[PDB]
Amino acid sequence: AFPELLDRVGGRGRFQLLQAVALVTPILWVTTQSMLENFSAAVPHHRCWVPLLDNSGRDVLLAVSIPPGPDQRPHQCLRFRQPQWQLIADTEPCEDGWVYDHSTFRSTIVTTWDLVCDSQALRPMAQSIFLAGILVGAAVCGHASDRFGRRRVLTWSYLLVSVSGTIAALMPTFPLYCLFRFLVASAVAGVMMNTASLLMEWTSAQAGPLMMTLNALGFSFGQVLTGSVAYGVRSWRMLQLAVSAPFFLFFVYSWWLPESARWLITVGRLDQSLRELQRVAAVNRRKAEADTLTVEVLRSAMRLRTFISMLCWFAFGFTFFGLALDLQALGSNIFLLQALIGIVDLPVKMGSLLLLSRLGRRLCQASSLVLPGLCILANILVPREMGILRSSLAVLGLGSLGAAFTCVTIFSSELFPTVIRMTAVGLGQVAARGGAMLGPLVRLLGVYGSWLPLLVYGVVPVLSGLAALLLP
Ligand SMILES: CC(C)(Sc1ccncc1-c1ccc(C#N)c2ccccc12)C(=O)O
């Protein structure tokens, strides 16, 4: 009887739009704390400290103390025991600290904790830890909102994000920074899950397409917001503070939004449900049918396809979260990137969807994975002087991968006995989230050659997409 009550109280109107505007804005900043691990842990050019240079012909002094490296650069991990003045065999690891290049970034976490050379694996692990935190927090919060409400959990998760972010920028050692970020990730996952549930709960009929389109648009704009904010603040201790502070301001205003009116009924909190419904009616201005509500009415109210979807979600999560966090290897000008991604994404997603869906439902699913995977794979062959071509290929690949989610979210999930889609989208989301903690771990394989990470990162989407043609 809840849909009839919602029709009696509203639908579309004013409040159902103010709630969307008030809830979408936190998603922009939520995106900022997931892709922030691209301007915070940025690796500049690091050389070895020398007693000759850098105080107790600059070019000759640099050439005599540091042996030449393989990639046409001074060596980043070794120095000469004694100035080899024979240069008009014996090398010792750096023992006086590195010297970094401060020309685009002032202080990253790499600069402050020397995560270079031998201690290199720790950098692709500080991201897998965050994704494991998101995975854990997206599973714990599921069993903590059906008993504590759907609005209180969001309000407290805002405060948790704010406090954990404001603390994580003031730690003196790596292990604690790898734990407070875990807490931030769990709280962010809770925020996203509850925002989606609240967005759908209050809306009917015109709820499926538009509201879930709004969330994807929010993420796409959050990417541009991340780029713009990173363009301004250059340090890393003043970036986490500036990104985590707005969540406290969101927490204060989050005390006025009404709670879900469908959860209040199944628990017996009829009186407050009535208060919430009448309050919503006044904002919606449809204060004509609300006189009907007199407690009693609310008292009466109170396999192959599945595996294919599993693999598609896993491939999307794997490739996207392994590629979007290393944009220093897809080209240059990191600030210009991370902003063209969303601007490409929205036109690309809309235009690709509109044209391809007319071919068929399976064709759109197939062409949204093979195309970006092949675009990424065809990036190795390009020589390292056509910067525009490789940058365009990478941007197109990421934009198409972003569109794959939408093309597999509301267009897909029908490939089942077709009762309701929240018993399948939620199952796919656990695979998508569990396919990202196995993400940046592939980037640990930069040794044994450097082409292999990109090769795997392009092959996996291609095989996953080509397996979708085997539906029967
Ligand atoms: C776990 C995923 C699949 S990814 C995600 C997790 C945490 N924070 C942000 C995103 C995210 C990033 C870029 C997107 C794009 N384009 C996007 C689109 C839809 C949903 C999430 C994202 C989810 O959240 O379902």
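Using Swiss-Prot numbers, chain A covers 2-57, 68-99, 111-324, 347-516, in order.
Header entry for method reads electron microscopy, 3.5 Å.
The backbone N, Cα and C atoms fix where each Cβ goes, and this holds for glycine too.
Some features that Swiss-Prot has for this protein:
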| type | residues | note |
| --- | --- | --- |
| CARBOHYD | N56 | N-linked glycosylation site |
| TRANSMEM | 146-166 | transmembrane segment |
| TRANSMEM | 182-202 | transmembrane segment |
| TRANSMEM | 204-224 | transmembrane segment |
| TRANSMEM | 232-252 | transmembrane segment |
| TRANSMEM | 260-280 | transmembrane segment |
| TRANSMEM | 378-398 | transmembrane segment |
| TRANSMEM | 407-427 | transmembrane segment |
| TRANSMEM | 435-455 | transmembrane segment |
| TRANSMEM | 466-486 | transmembrane segment |
| TRANSMEM | 495-515 | transmembrane segment |
Would you mind checking how many other C-beta atoms are within 10 angstroms of the C-beta on the residue listed as 'N-linked glycosylation site'?
-> 6
For the deposited structure, the Cα atoms bordering the 22-residue gap, namely those of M324 and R347, are apart by a whole number of Å, specifically 35
Long-range environment of the transmembrane segment (435-455) - Cβ separation under 8 angstroms, sequence gap at least 6 = 230-231, 234-235, 238, 242, 353, 356-357, 360, 363-364, 367-368, 374-376, 381, 384-385, 388-389, 392-393, 396-397, 400-401, 405, 408-409, 412-413, 415-417, 419-420, 422-423, 426, 469, 505
For the deposited structure, the Cα atoms bordering the 10-residue gap, namely those of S57 and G68, are apart by a whole number of Å, specifically 16
Ranking 146-166, 182-202, 378-398, 407-427, 495-515 by Cβ pairs under 8 Å to the transmembrane segment (260-280) puts first 182-202
Verify whether three or more Cβ pairs under 8 angstroms connect the transmembrane segment (146-166) with the transmembrane segment (407-427), leaving out any pair fewer than 6 apart in sequence.
-> no
Gap-flanking C-alpha distance, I99-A111 [11 residues absent from model], angstrom = 17
Short question: which residues 6 or more past the ends of the transmembrane segment (182-202) have a Cβ under 8 Å from it?
-> 34, 131, 135, 137, 144, 147-148, 151, 209-210, 212-213, 258-263, 265-267, 269-270, 273
Quickly jot the same-chain residues contacting the transmembrane segment (146-166) by Cβ under 8 Å, restricted to those at least six beyond its ends, or write none.
-> 35, 38, 42, 131, 175, 179, 196, 199-200, 203-212, 214-216, 365, 369, 473-474, 477-478, 480-485, 487-488
So what's near the transmembrane segment (466-486) in sequence-distant terms, Cβ-Cβ under 8 Å and 6+ beyond its ends?
-> 146-147, 149-150, 153-154, 156-157, 160-161, 211, 350, 353-354, 357-362, 364-366, 369-370, 453, 457, 460, 497, 500-501
Quickly jot the same-chain residues contacting the transmembrane segment (378-398) by Cβ under 8 Å, restricted to those at least six beyond its ends, or write none.
-> 36, 39-40, 43, 238-239, 242-246, 248-250, 252-253, 368, 371-372, 408, 411-412, 435, 439-440, 442-444, 446-447, 450-451, 455
